[PDB]
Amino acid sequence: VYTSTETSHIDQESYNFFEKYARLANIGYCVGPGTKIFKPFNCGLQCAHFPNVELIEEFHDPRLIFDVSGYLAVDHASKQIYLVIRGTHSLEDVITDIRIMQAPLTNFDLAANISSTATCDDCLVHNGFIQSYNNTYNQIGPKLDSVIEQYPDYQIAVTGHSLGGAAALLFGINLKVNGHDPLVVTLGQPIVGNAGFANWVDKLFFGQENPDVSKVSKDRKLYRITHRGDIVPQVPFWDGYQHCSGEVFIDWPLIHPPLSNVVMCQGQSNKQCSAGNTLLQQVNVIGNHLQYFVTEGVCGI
């Protein structure tokens, strides 16, 4: 596994870009029962930061513990199509499953829209996260394709928090091997697959193994935002699992971190970042997993 302790600071434009995706991910918690996103795109404070955005479709499946909910929208101001995904089930229930239950690792080429030749032969991923990816594809994939055809020069951006972040990573990989050029930003994302998968994802997105991911740049298309004290990005840890590169770490205990305290981390594990979370920092598992620029997991704040 490529390890490092190198980190780099960011500028305010990059901080505002990460905050943006944190907000869009938060809005994913406005989909489901008891909540709503009103057309065009109204859902209280967080949707109010998105003029000229129209909700296309929401989706919600509660059938299985790894099923997903979320929405598809088009932002005519930024010329982007947004796919935003979350886990349908409570964060407590989902994280308990990921933390404690041992998935058999499955080849990503078994997932929807992935051809037998698109992945490396050793590209293995947690069977639950494949289900989250599949469940996203089966609910929204055809609608996303029709919207891509309708707005063919808009940039596709996939984002999600928690299990949504795992589904987003895989859905971005689906779009990328299938000829699109998506932006993928995940928050609080658990480790998806093994060393084969992680290194293949780094080649796919950064163009080499052990990529220099110290910079935010117009052409970079993968960011994994993590927060001090959140253990979700540290599980599952069954040896075998490892992250791809691309970590952006909020080294701050609260929402709304100072600019100095969001850093770009080198490597697939970095003790200056998530891998260095101390035992006292890890204690409050759900609360620390919500603190990503804005509070994630609750609609309307």
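We number the residues from 1 along the sequence you see.
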property	result
74-82 or 98-106, whichever carries the higher mean Cα B-factor	98-106
Greater mean Cα temperature factor according to the PDB record, 116-124 or 158-166	116-124
Top Cα B factor in the deposited entry, candidates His243, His49, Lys39, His256	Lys39
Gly229, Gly179, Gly188, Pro182, ranked by C-alpha B-factor: the highest one	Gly179
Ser260 - Cα temperature factor, lowest/middle/highest third of chain	lowest
Ranked against its chain, the third holding the CA B-factor of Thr5	middle
Record-listed C-alpha B factor of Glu57: chain third	middle
For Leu204, the third of its chain into which the C-alpha B factor falls	highest
Where the record places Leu222 (Cα B-factor, split into thirds across the chain)	lowest
